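Working through the structure, step by step
Here are the chains, one letter per residue:
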Amino acid sequence: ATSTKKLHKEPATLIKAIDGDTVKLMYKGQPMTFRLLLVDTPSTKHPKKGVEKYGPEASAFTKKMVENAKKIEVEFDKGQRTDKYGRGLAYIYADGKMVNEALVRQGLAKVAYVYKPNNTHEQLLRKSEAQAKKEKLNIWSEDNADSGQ
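Per the deposited record, solution NMR is how this structure was determined.

Looking at the pattern of salt bridges
Inspection of every chain in the model, using the stated rule, returns 16 salt bridges. Linking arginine 35 and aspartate 40 is a salt bridge whose minimum nitrogen-to-oxygen distance equals 2.7 Å. Residue class for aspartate 40 comes out partly exposed when judged on its relative accessible area of 32%.

A few points about the packing of aromatic side chains
Counting across every chain of the model gives three aromatic pairs. An angle of 70 degrees between the planes, with centres 5.9 Å apart, marks the rings of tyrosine 27 and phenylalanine 34 as edge-to-face. Taking relative accessible area as the criterion, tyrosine 27 reaches 9% and is therefore assigned buried. You can call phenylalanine 34 buried: its relative accessible area is 0%. Three or more aromatic residues link up through ring pairs in this structure, and these residues are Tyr27, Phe34 and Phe76.

Remarks on the environment of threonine 44
Along the chain, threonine 44 falls in the loop between β4 (39-40) and α1 (57-67). On a C-alpha basis, the gap between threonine 44 and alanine 58 in space is 7.6 Å, while along the polypeptide they are 14 residues apart. The residues touching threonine 44, leaving out its near neighbours within four places in the chain, are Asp19 and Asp21. Polar contacts involving the side chain of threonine 44 include one to the main-chain carbonyl oxygen of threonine 41, which spans 2.8 Å.

A look at the sheet that holds strand β7 (residues 97-98)
Here we have six strands laid out as an open sheet, ordered β3-β2-β1-β5-β6-β7, and antiparallel in their pairing. Lying at the two open borders of the sheet, with one neighbouring strand each, are β3 (30-35) and β7. Summarising the sheet, strand β2 (residues 22-27) and β3 pair through six bridges and their orientation is antiparallel. Counterpart to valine 23 in the pairing with β3 is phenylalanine 34. Strand contacts of α1: β1 (8-17), β2, β5 (72-76), β6 (90-94) and β7, with the helix running at about 115 degrees to β1, the strand carrying the most contacts.

Quick notes on the rules
- Residues numbered from 1 in each chain as written, not as in the entry; some residues may be left out.
- Heavy atoms only, no water.
- Salt bridge = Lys/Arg side-chain N within 4 Å of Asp/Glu carboxyl O.
- Buried < 20%, exposed > 50% of the residue type's maximum accessible area, 1.4 Å probe, protein only.
- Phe/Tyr/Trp six-rings, centres within 6.5 Å; stacked < 30°, edge-to-face > 60°.
- Helix = DSSP H or I, 4+ residues; strand = E, 2+ residues; numbered from the N terminus.
- Contact = heavy atoms within 4.5 Å.
- Polar contact = N/O pair within 3.5 Å; in protein donor to acceptor, adjacent residues only side chain to side chain.
- Pairing = 2+ DSSP bridges.
- Axes fitted to C-alpha atoms, helices over the stretch in contact; angles between N-to-C directions.

Written out as structure tokens, the structure is:
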């Protein structure tokens, strides 16, 4: 144990946001498609239901935060650097805000089956998910999941 600086950030710039959990950015002068991996968004392409535009969904959320970002950094984990489908596996930081956590904490993304050993910030997302759940944020909001009394 005993480590300084959790994981490693590499400089990036957005080319296009494919959707919420999958983006294509310019990684060191070359276009690489990245998937956030730990997070998985529901109904990925369209709003949850579609009755008025309540919920810009992860697609626009990720897009907006990375476009407004001064700095875009991709943080690669301890495991594999790229996904089975050749997507980059990194925690993308938009302006220093980790997109993964931001999607989850606001309730636009859920924690999925994280492909270990790529899991350093799984815990962070897990708590942020639980956070979103107890506040019934947009994907946890009374619609698909309408639980209570």
